[PDB]
Amino acid sequence: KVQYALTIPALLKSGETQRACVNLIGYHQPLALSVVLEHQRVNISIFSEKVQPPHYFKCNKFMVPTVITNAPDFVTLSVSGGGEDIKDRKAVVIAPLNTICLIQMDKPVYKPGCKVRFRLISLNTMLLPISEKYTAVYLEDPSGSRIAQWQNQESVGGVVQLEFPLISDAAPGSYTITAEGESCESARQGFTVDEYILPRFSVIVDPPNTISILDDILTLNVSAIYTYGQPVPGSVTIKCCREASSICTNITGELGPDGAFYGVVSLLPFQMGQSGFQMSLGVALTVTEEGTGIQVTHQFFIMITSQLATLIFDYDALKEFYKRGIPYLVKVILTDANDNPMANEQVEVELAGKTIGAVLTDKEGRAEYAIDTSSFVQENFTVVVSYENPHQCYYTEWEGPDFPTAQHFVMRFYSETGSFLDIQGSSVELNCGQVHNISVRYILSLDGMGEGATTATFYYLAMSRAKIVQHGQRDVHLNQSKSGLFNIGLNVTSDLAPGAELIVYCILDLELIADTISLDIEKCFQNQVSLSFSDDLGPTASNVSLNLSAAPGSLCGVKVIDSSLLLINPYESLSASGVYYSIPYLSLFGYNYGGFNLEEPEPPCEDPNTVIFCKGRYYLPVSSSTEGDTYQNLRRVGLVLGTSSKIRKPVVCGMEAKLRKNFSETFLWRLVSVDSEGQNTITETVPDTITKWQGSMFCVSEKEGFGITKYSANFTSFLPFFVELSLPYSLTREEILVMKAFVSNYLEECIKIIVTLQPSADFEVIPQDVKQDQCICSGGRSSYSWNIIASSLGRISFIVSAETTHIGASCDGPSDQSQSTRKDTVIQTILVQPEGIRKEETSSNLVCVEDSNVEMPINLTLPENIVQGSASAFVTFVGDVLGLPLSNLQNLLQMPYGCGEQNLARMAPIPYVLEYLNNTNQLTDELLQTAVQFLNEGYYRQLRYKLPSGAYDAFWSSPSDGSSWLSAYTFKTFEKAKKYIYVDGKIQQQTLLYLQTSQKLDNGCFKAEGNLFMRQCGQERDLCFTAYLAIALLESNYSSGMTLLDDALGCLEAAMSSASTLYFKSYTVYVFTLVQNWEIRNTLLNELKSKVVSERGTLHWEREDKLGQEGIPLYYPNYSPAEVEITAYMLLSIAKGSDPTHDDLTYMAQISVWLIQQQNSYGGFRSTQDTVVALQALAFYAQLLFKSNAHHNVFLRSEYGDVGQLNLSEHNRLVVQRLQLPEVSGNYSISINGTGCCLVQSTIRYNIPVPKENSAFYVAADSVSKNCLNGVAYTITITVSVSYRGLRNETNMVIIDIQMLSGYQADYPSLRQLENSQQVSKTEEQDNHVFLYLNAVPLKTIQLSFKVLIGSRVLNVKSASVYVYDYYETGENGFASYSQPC
Ligand SMILES: *[C@@H]1O[C@H](CO)[C@@H](O)[C@H](O)[C@H]1NC(C)=O
Ligand SMILES: *[C@@H]1O[C@H](CO)[C@@H](O)[C@H](O)[C@H]1NC(C)=O
Ligand SMILES: *[C@@H]1O[C@H](CO)[C@@H](O)[C@H](O)[C@H]1NC(C)=O
Ligand SMILES: *[C@@H]1O[C@H](CO)[C@@H](O)[C@H](O)[C@H]1NC(C)=O
Ligand SMILES: *[C@@H]1O[C@H](CO)[C@@H](O)[C@H](O)[C@H]1NC(C)=O
Ligand SMILES: *[C@@H]1O[C@H](CO)[C@@H](O)[C@H](O)[C@H]1NC(C)=O
Ligand SMILES: *[C@@H]1O[C@H](CO)[C@@H](O)[C@H](O)[C@H]1NC(C)=O
Ligand SMILES: *[C@@H]1O[C@H](CO)[C@@H](O)[C@H](O)[C@H]1NC(C)=O
Ligand SMILES: *[C@@H]1O[C@H](CO)[C@@H](O)[C@H](O)[C@H]1NC(C)=O
Ligand SMILES: *[C@@H]1O[C@H](CO)[C@@H](O)[C@H](O)[C@H]1NC(C)=O
Ligand SMILES: *[C@@H]1O[C@H](CO)[C@@H](O)[C@H](O)[C@H]1NC(C)=O
Ligand SMILES: *[C@@H]1O[C@H](CO)[C@@H](O)[C@H](O)[C@H]1NC(C)=O
Ligand SMILES: *[C@@H]1O[C@H](CO)[C@@H](O)[C@H](O)[C@H]1NC(C)=O
Ligand SMILES: *[C@@H]1O[C@H](CO)[C@@H](O)[C@H](O)[C@H]1NC(C)=O
Ligand SMILES: *[C@@H]1O[C@H](CO)[C@@H](O)[C@H](O)[C@H]1NC(C)=O
Ligand SMILES: *[C@@H]1O[C@H](CO)[C@@H](O)[C@H](O)[C@H]1NC(C)=O
Ligand SMILES: *[C@@H]1O[C@H](CO)[C@@H](O)[C@H](O)[C@H]1NC(C)=O
């Protein structure tokens, strides 16, 4: 006879080689086989062999033709021979496959100020590199807007390397990535960038997390640590209790040796064992400090349990089918409390309703019994196990059983002739390169394969992902009668991916009996990599050598990362399992694939009313609904058989189925290629940070594949001799500060040390007369200190030193030849600044000389009551009119930034100045690069304030329903500045749509949102906003056909009779110049020209604020910021004329000289909204006046001699000439000769001691101590009061900046508390100044309060200053003093 079997997967994978296995047996004459995978048109030739005598088990390769959409095909088998011929036809589905794109994100957690290092990898379905082209690689901020994009990223070796710096702001959240490709669909990825906050404490506690009722002691192992690993002396108090139904205890302790508290808590006061239960013991632990009153609180709940003993079923062994004659292996796992093994115990197993086993455990709660399954013909067979011991404490709560109990429900396994195969499953990860010997048990009954032959062959098959690999045959000699086991020599290799399913079957005479399991294989990646450093230990500035080897001809990307991250976010992208799980169809399940059943029709149902004469009684057929046989053993692995033998159970009708570390950057990111066998040496330089240096790589090759390293190589860099200095940021003149130098020894031998401070003449040092050579040893640190007099000015550097005379063997034993000399000197910086506040006085001038000479003097007069020693006289020359605001673009104004409008002053005038430079043939490559960098940084900073509604608002920390004016400003600036840097079009579209929806048409006028920007225009706020919206629309390159623009022009047309405001008239003039008009613009500017204020050679427009024209109630400040904006629009409008005539160039000069007069030493004029417009107008005006050569030589003289002889030319046209007068009270006179226009600026810088003598913006600051001890107080509390006493309608956004009291620091929790509370819109700290942005300050006094810690202690502390000023009008300001509470 002929018995045959095809084994093929049901779902073939297109384009990759698979295997088909054939199992012919029984025949005697030679045969001729043919297997064809009938595609649409072509015939494949899987087998075309001449088969010869019996036992033909061969499994042959074939290539699946590539197909783009899953399609069903047939497999035909022919057995043509001399005798019987067999024809068979099964069905399979050929499926398509994509290519996989992966993102390697090194440094899993990111912080602001870092560099995100991409890596795109494209792979075939088999892990091989392919060339891939990308078109839409870009990032996305948590707000959902694209930040950066790359175009046409071509892959060189299947890997694309990208970099992206992250701005110092870096809005915390989860940035995402999109990487669209010609084959991939979306290679999405995520970030976990978090705000870098470093709390001064970190408390560590590890509760048992579960306590039994019969427990009397609860032990706590709690400690606390600083940020940099220092002990925290103080008091730790812990209070724990619980509620009862419908008592508390508390203990305290002290620490200090190293930081540790063994907080034993007795449960006797607690009602453990009584009705005062709540199943949860709450615990609150608080740690404090002796000096500072700051405390850290940590609360956790400890579970209260009652089930002391637990018995469970391990669902790895203990299969769900029972076979006749094969013992059923019952394995029970016994654990107590928090999952601990048990000693010798008896678990009683009930088979059906009677205990049969009484199994003793194996000293680890791993008990096993062998239920004899012979003569079981039932269909359910529920086995139950229990922990019967009438001594344990088992008081259940949910009215459950009184002893641990588990139940397992099984099924019956069918086989026609009577024979069964079982495979002893494995519950461990099988390693690569090792032959394994999985065991198979078999019952092979009589009346089956045939008595008289004591030999049986069991065929053997494995399935890795969707393909058959490692076929085999194991033949057994039946020396005994019918039972036993044999070993399967499986050869696990890298070609078996995770999840390899094993199949063993035997074909007896008419029955094919098969059993399958689901082995787990470790991930080996068919490649080998041997990343390894050349030394585990080294100094902090050593030359690290790295020796990597892999498969020949491999492109191989390396990475070295601080492992401090892996203790925070242990989720590495591109792990050993992510790659493998990114593979389609790695474990077939059934026959339903792509909407195709692939299942042959069921056989006919046997009639259940036909009697049977079996032994002596009539019988009737019966079949279980839920059962298992060979067919359900397959159809689960996924194979397709075509055997003649029976593989399905019979069925009868009527019974159917129915962040705490300062980790540094990755210092190598190379992508090296491997030459020959592979001995590449990667050489880099280690950074200074003292951490771990775990190294990994992914190492692809076009021939074999890539192998990720398994155990990352580890490196450690440390300094044997540590010296550290702690200093405050700034100090006050003639103040006695103490220096604290920590010297530490990490050598195994005890050492001595001598430390010396280099004396200097700039600053004096108090001779402390302290000298002790402490015999410090391993794990120790000293606290040598010195007294420093701050009798100097400005920047001073402190240098410490060491000599390391040690006598290593303790102190008595001489070192001899053990060490020679260790040198470690650390530089430190200090800035001493005179007492008082800073003041400036700038008088800029423009010189227009045509072969003439100018001898203007310098009119400088230091004010009376001035601090001596703080005085400097400064002179600035620039070769171009708009030349100075080029080196100071990022710091155009000294004001603190952080609001929406404030931020649009470091990127708003840069497009205009760049356009001016490009137009007057002066742009340079590096200057353009710097301008682009500034623009891009500004875009990153400003993108943070965007609301999801599409509108832009200030104070992202305190959102309020968007701000229409700020949205218009940001939209206009982005549209103007999208020529150079990348700008998302969706963001502009969304903001424009928000402007669309912001109709709110009060009569014919638009209405603006927010109430903190046009606070000075009065009731005309709507008209002013409409005019500004029109200005933005015109100068964003929009024609007058838009609906918003047409409506705005219609609104502005009917405004001449009303709108008697000199602020609104300027806006209307500018918009009617932008919309080129001859009559309306002309008559409006003719009206405005009448109200011009004339000075000596300069013309400008005052605010014309008739309401309250006085000088005492805060109206004396002459430099009103408002008039600068109006004059700048006036200059812009007159410049944007039809043809500037000779009678109008003089007007240009007379309006520009005054405007350029109000320019500070940095470029900013008066405020952000003013300096932006002033710079734009100055750029446009200087566009119309330019000299090719512009010869200028300038020299400054005094009554004693000539200071300097500077020269200005084309080469010296964009760099600023800076000079300092040696004498601050001299008699100086400058001289400029040549032709052209130049700027000369003379400034005086000094200090004044808080001139609080007059009526102003009333500010009063005072303080209280809380922890005042022996003089200096550890914690301070500042409370300030602000009130407004001027004559204005309402006030605008105001800032109060407080200078910290010498060497103190801001209390970040207190500042954050002020931020969360709704009194200050935003709080910021930098360089010992804290800025608080108040939205408004009314006549009613506003009181604020916040705390301040102590850093480096200092005595003889002088006063500090609190300064309040309106951000948009610095004329109304107030000063207040601040003193130490003690
Ligand atoms: C090729 O396949 C066809 C079915 O399309 C079938 O006749 C047979 O398997 C092959 N015939 C020839 C002539 O190769
Ligand atoms: C498959 O069988 C054919 C029969 O002639 C044989 O020549 C071939 O080497 C076998 N293997 C492959 C991969 O074709
Ligand atoms: C713990 O706090 C409670 C507060 O009710 C107090 O009564 C008790 O005295 C405290 N424990 C100690 C040891 O002081
Ligand atoms: C913490 O570690 C173990 C675990 O509780 C304990 O034996 C040890 O005594 C504890 N150490 C301290 C300092 O409490
Ligand atoms: C099997 O049949 C018995 C008969 O009463 C029934 O109690 C049980 O719930 C069924 N199922 C299992 C898994 O034992
Ligand atoms: C598995 O067991 C068989 C028993 O004879 C032995 O021959 C073989 O070497 C074993 N394989 C191992 C231990 O890897
Ligand atoms: C297992 O497979 C590997 C890879 O082909 C081979 O090198 C090794 O010799 C095999 N082991 C045995 C025992 O055949
Ligand atoms: C590389 O190492 C060598 C000696 O090991 C030496 O040149 C130096 O330490 C390293 N190179 C640089 C540039 O630091
Ligand atoms: C953290 O980063 C580096 C150390 O590698 C250092 O330059 C920087 O100042 C550190 N910042 C803080 C706050 O410690
Ligand atoms: C390196 O560190 C890893 C961290 O888990 C560790 O498993 C490994 O044993 C260490 N050593 C080497 C040589 O990888
Ligand atoms: C500038 O100084 C030179 C002398 O160095 C003098 O001859 C000349 O007339 C002055 N003026 C101009 C416009 O060159
Ligand atoms: C400028 O000159 C005037 C004389 O008109 C004098 O009063 C004043 O002190 C000088 N300095 C300043 C800064 O105004
Ligand atoms: C400068 O202006 C010219 C004039 O069209 C333009 O082609 C060029 O791109 C501009 N350069 C820059 C850097 O914008
Ligand atoms: C925008 O500028 C382009 C010049 O690049 C100009 O052709 C166009 O008319 C302007 N306006 C609009 C609405 O495109
Ligand atoms: C012009 O400036 C250059 C710059 O080095 C230098 O020759 C000198 O200062 C000037 N030469 C003159 C004034 O002849
Ligand atoms: C400073 O120069 C001016 C020039 O007129 C004049 O007052 C006098 O020569 C000098 N004054 C002094 C030195 O006080
Ligand atoms: C300032 O504006 C307010 C707006 O409510 C109004 O009282 C008046 O027009 C002005 N004067 C005073 C004193 O408020």
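Up top you'll find the structure we're talking about.
Entry numbering is not used for residues: they are numbered from 1 along each chain in the order the sequence is written, which may differ from it, and residues without coordinates are omitted. The lettering of chains begins at A and the numbering of ligands begins at 1, in the order of writing. Water and hydrogen atoms were dropped before computing side-chain values, which therefore reflect all heavy atoms in the structure. Residues with missing side-chain atoms are left out of burial classes, side-chain pairs and their counts.

Here we look at the nonpolar core
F118, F164 and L1155 are the most contacted members of the largest nonpolar core, which has 144 residues in total. By definition, any uninterrupted DSSP run of H or I lasting at least four residues is a helix, any uninterrupted run of E lasting at least two residues is a strand, and each is numbered from the N terminus. At 10 residues, the largest contribution of residues to this core is made by helix 8 (residues 1021–1035). When checking whether two residues touch, look at their non-hydrogen atoms; a contact exists if any pair is within 4.5 Å. Setting aside its immediate chain neighbours within four residues, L1155 contacts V1124, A1128, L1131, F1165, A1174 and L1178. Residues belong to a common nonpolar core when they are buried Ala, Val, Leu, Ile, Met, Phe, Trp, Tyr or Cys residues joined through side-chain atoms within 4.5 Å. Burial status follows relative accessibility: with a 1.4 Å probe on protein chains alone, a residue under 20% of its type maximum counts as buried, one over 50% as exposed, and anything between as partly exposed. One finds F47, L77, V92 and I503 within the second-largest nonpolar core, a separate group that totals 58 residues.

Here's the deal with a nonpolar patch on the surface
Each patch is assembled from residues with relative accessible area greater than 30% and no salt bridge, linking like charges that lie within 9 Å and nonpolar side chains (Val, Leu, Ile, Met, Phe, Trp, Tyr) that lie within 5 Å. Only the protein chains shown count as covering a residue, and every accessible area follows the Shrake-Rupley method with a 1.4 Å probe. Salt bridges are defined by distance alone: a side-chain nitrogen of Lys or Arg within 4 Å of a carboxyl oxygen of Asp or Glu. Together, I217, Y262 and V264 give the surface a local cluster of nonpolar side chains, amounting to about 340 Å² of exposed area. Inspection of the secondary structure assignment puts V264 in the loop between strand 25 (261–262) and strand 26 (265–266).

Some thoughts on the pattern of salt bridges
On inspection of all chains with the given rule, the structure shows 28 salt bridges. A salt bridge links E572 to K559, with the nearest nitrogen and oxygen atoms 2.8 Å apart. Residue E572 is found in the loop between strand 48 (555–561) and helix 1 (578–581), and its partner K559 is found in strand 48; the two are separated by 13 residues along the sequence. Overall, the relative accessible area of 21% leaves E572 in the partly exposed class. The shortest N-O distance in the salt bridge between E1035 and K972 comes to 2.4 Å. With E1035 in helix 8 and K972 in helix 6 (residues 964–977), this residue pair connects regions lying 63 residues apart in the sequence.

Some thoughts on the state of the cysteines
Only a pair of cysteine sulfur atoms within 2.5 Å counts as a disulfide in this structure description. Counted under the stated rule, the structure contains seven disulfides. The side chain of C241 participates in a disulfide bridge whose partner is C248; the two sulfur atoms lie 2.0 Å from each other. One quick way to see it: the torsion about the S-S bond of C241 and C248 is about 65°, and its sign makes the bridge right-handed. For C241, a relative accessible area of 12% gives the class buried. Through a disulfide, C750 is tied to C777; the S-S separation comes to 2.0 Å.

Details of the sheet that holds strand 13 (residues 149–150)
Spatially, the four strands line up as an open sheet ordered 13-12-17-18, and their pairing is antiparallel. The two strands at the open ends of the sheet, each matched to only one other strand, are strand 13 and strand 18 (189–190). Strand pairing follows a simple DSSP-based rule, namely that at least 2 bridges must link the two strands. Sheet topology places strand 12 (residues 137–140) next to strand 17 (residues 176–178); three bridges connect them, and they run antiparallel. If you follow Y138 over to strand 17, its bridge partner there is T178.

Observations regarding unusual backbone geometry
One non-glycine residue, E1104, lies in the positive phi region at around 55°. With a relative accessible area of 40%, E1104 lands in the partly exposed category. Even without being a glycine, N1328 presents a positive backbone phi close to 55°. Counting through the fold element by element, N1328 comes out in the loop between strand 76 (1322–1326) and strand 77 (1329–1334). Under the relative-accessibility criterion, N1328 is labelled buried at 14%.

Concerning the environment of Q1305
Looking at the element boundaries, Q1305 is found in strand 75 (residues 1304–1306). Considered as a pair, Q1305 and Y729 are 576 residues apart in the sequence and their alpha carbons are 9.5 Å apart.

Notes on the sheet that holds strand 33 (residues 346–350)
Overall, antiparallel pairing links the four strands, which are arranged 34-33-36-37 in an open sheet. Each end of this open sheet is capped by a strand with a single partner; those strands are strand 34 (359–360) and strand 37 (405–409). Summarising the sheet, strand 33 and strand 36 (residues 382–386) pair through three bridges and their orientation is antiparallel. Paired with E350 across the bridge in strand 36 is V384.

Re the packing of helix 8 against helix 9 (residues 1043–1053)
Comment: axis = line fitted to C-alpha atoms, over the contacting stretch for helices; angle = value between 0 and 180 degrees taken between N-to-C directions. Two elements in contact, helix 8 and helix 9, have axes separated by 10 Å at closest approach and are oriented at 135°. For the element pair helix 8 / helix 9, the angle class is oblique. Where helix 8 crosses over helix 9, the handedness of that crossing is left-handed. Contacts between helix 8 and helix 9 involve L1023, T1026, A1027, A1030, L1033 and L1034 from the former and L1044, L1045, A1048, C1051 and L1052 from the latter. Basically, the charged four are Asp, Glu, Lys and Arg, the nonpolar ten are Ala, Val, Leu, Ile, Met, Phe, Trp, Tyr, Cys and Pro, and anything else, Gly included, counts as polar. Residues belonging to the contact of helix 8 with helix 9 are distributed by class as follows: 10 nonpolar, one polar and no charged. Orientation categories follow fixed angle ranges, with anything under 35 degrees roughly parallel, anything over 145 roughly antiparallel, 65 to 115 roughly perpendicular, and all other angles oblique. Here is the rule for handedness: rotate from the far helix to the near one, and if that takes an anticlockwise turn smaller than a right angle the crossing is left-handed, while a clockwise turn gives right-handed.

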